[PDB]
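Shown next, in structure tokens, is the structure this report addresses.
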Amino acid sequence: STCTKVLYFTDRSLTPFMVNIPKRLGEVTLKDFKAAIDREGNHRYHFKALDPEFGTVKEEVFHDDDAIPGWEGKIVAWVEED
Amino acid sequence: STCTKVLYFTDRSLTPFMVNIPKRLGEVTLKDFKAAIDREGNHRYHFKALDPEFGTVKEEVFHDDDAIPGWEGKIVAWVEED
Amino acid sequence: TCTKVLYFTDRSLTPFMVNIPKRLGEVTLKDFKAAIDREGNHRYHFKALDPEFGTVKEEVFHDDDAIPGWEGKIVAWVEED
Amino acid sequence: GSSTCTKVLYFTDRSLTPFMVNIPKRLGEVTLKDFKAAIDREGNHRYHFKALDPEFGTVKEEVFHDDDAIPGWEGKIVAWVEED
Amino acid sequence: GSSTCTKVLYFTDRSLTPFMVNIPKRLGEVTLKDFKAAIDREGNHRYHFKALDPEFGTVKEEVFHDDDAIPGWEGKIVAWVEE
Amino acid sequence: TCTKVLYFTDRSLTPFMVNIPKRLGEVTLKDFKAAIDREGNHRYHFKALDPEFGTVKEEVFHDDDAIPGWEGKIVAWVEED
Amino acid sequence: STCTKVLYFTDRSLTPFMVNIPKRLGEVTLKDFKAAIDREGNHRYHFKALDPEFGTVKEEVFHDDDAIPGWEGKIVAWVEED
């Protein structure tokens, strides 16, 4: 529980990918994520998140310094080429 | 041109493959495609297609007599074990 | 008893197969690295069956991390970088 | 590089070691026939080349016609030769 | 033609042209020891063989145990002998 | 209707050449052995053009086996096992 | 140093040959090599080389002027009749 399980989808494959990031769920920022998958160019990023009021939601994050929202102690993401 | 540029992904590499088929975009069928890269093993086939309504879509093709949908004069495909 | 390993490289197009003495649960990345004997700064991916998510290509980095199996065998991709 | 010739690195199912040759023509000039002629292939084969596709990025492109020009990757030609 | 012997083709770093020998045993019968004994290895090498895998297809399988049966490809044995 | 034989030996850096009255397809290992008339234990290799893999140094040991030719001739290497 | 150890294989013997060339590793050219083993001589020449890009590789050289790549202080070569 010192690390975070990351599952992400790419339009480059129909089978998802899974990596583990050193930092803990609350600690992980977009930059950490970007660095984690060694993305080729620049893209759009979405994350399965549990919004308190409106419920489950696919949240997009931009600034590398923003923390990634988790879903059940893990991070679920979609990577769109953009 | 008297040829269509084909880019396809396989589970056997994260780097895509590229071949050129003598037929033109509208002319190319699934059989042409199969013959082009896949005479032996049976797979599921998906193609990046521009749907005039809902935007980009990954269309699966079925009929051997059916035509392969193009995306920007090219064919982009995913080949899966199934 | 031992583990059947099938891996792909940017150097063959045709996969490689080796057998590691340790059993599926026992095999760590270091065991794998040592097994393939290539001098490299590589990335490693493995076909894995995650309880919650199902089929997935998992990347591993610690040498002391145990390699996930798929059907009592290990299926891997070795990238350059 | 560069300009008189082209560095060619190819893999064969016949060797676990890659091979390296240098072709007189420059990167843009080299055709498949030039390549074929270069490595004394004894039989029909399939040929793949590491190429940088503007849009879709890195890719292993197969070439068929002896006249078509071989795509380069960082000034070198990187190829795979299959017994097919 | 003949089927109680096995055609063996192997590559070495010692020649850019492959070698060919015939082993008295049949494809299923041939073990690594049989192979070693055959091409008269001088000591220690790594051995790879072109093999047809069930789900995985054509694959270069490495074998270690003398008593292991060498996998065939198209009724012959195709091998690489590394240092 | 005979066969030109060129062979190399570890006791001469100059190859040897003999002619065997049999024709290419007819010549066996025994014919070859007899031809060189050297009583001893040896390994024999022959330049051959295999229909499948092409140019190759094939080893033979069944005396009753036909020697593979290379362009209407026989090219051989003689060692000591 | 003062001279380079050369080991070469021929279709003339299943046994390799060894000669020593006066020049040093970096200095030795193909012409030097040809001259060294009484290049009849116009054949194909290959050399075990340590390429920093792709590691161990059998490099072919064919102009008399080009300098022979070494492998661990020595030269390892294959001479084919071509």
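Every residue, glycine among them, receives a Cβ derived from its backbone with ideal geometry; neighbour counts consider all protein chains shown. Nothing in this text is a laboratory measurement; each read-out follows from the coordinates by a stated rule.
For this structure, a couple of remarks:
- Test: residue in the stretch E:17-31 that is more than 10 Å from chain F (Cβ to nearest Cβ), within 23 Å of G:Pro16 (Cα to Cα) and either surrounded by 18 or more Cβ atoms within 10 Å (Cβ to Cβ) or touching a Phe, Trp or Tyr at 6+ places or on another chain (Cβ under 6 Å) (or both): no
- Matching residues in the stretch A:32-52 - criterion: being within 26 Å of C:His42 (Cβ to Cβ) and surrounded by 14 or more Cβ atoms within 10 Å (Cβ to Cβ): A:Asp32, A:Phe33, A:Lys34, A:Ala36, A:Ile37, A:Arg39, A:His43, A:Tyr45
- C:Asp50 meets the conditions (1) within 11 Å of chain A (Cβ to nearest Cβ); (2) under 11 Å from the mean Cα position of the chain (by Cα) in every case but one. The failed one is (2).
- Considering the stretch B:4-82, the qualifying strands (runs of 3 or more DSSP E), each wholly inside and each with 1 or more residues that are among the acidic types (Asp, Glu), run over B:43-51, B:55-60, B:74-81.
- For the stretch C:26-49, a tally of residues being assigned to a strand (DSSP E or B) and under 18 Å from G:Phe54 (Cα atoms) returns 2.
- Among the residues making up the stretch G:4-31, those that are over 25 Å from F:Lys47 (Cα atoms) and among the aliphatic types (A, V, I, L, M) are G:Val6, G:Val19, G:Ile21, G:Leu25, G:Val28, G:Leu30.
- Within the stretch C:3-25, being within 14 Å of C:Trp70 (Cα to Cα) and part of a loop (DSSP other than H, G, I, E, B) holds for C:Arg23, C:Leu24, C:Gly25.
- Selected residue (criterion: nearest to E:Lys50 (Cα to Cα)) from residues of the stretch D:72-84 that are within 13 Å of chain B (Cβ to nearest Cβ) and surrounded by 20 or more Cβ atoms within 10 Å (Cβ to Cβ): D:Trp80
- When D:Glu55, D:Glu62 are screened for being at the interface with chain B (Cβ under 9 Å from one of its Cβ atoms), surrounded by fewer than 20 Cβ atoms within 10 Å (Cβ to Cβ) and within 13 Å of the chain's Cα centre (by Cα), only D:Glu62 passes.
- Exactly one residue out of G:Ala67, G:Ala49, G:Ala36 is more than 14 Å from every other protein chain (Cβ to nearest Cβ), within 11 Å of the chain's Cα centre (by Cα), more than 18 Å from D:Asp40 (Cβ to Cβ) and aliphatic (A, V, I, L, M), and it is G:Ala36.
- Among residues of the stretch C:69-81 that are at the interface with chain B (Cβ under 10 Å from one of its Cβ atoms) and under 7 Å from C:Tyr44 (Cα atoms), those with a Cβ under 6 angstrom from a residue that is part of a strand (DSSP E or B) and not acidic (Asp, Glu), sequence gap 6+ or separate chain, pair up as C:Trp77/C:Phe8; C:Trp77/C:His45; C:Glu79/C:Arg43.
- Residue within the stretch C:29-47 that is aliphatic (A, V, I, L, M) and within 30 Å of D:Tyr47 (Cβ to Cβ) present: yes
- Picking from residues in the stretch F:48-71 that are within 18 Å of E:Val78 (Cα to Cα) and not hydrophobic (A, V, I, L, M, F, W, C), the one that is surrounded by the fewest Cβ atoms within 10 Å (Cβ to Cβ) is F:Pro51.
- The condition of being in contact (Cβ under 8 Å) with a residue 24 or more places away in the chain, more than 13 Å from chain E (Cβ to nearest Cβ) and touching a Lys or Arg at 6+ places or on another chain (Cβ under 6 Å) holds for only one of F:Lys30, F:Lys4, that being F:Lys4.
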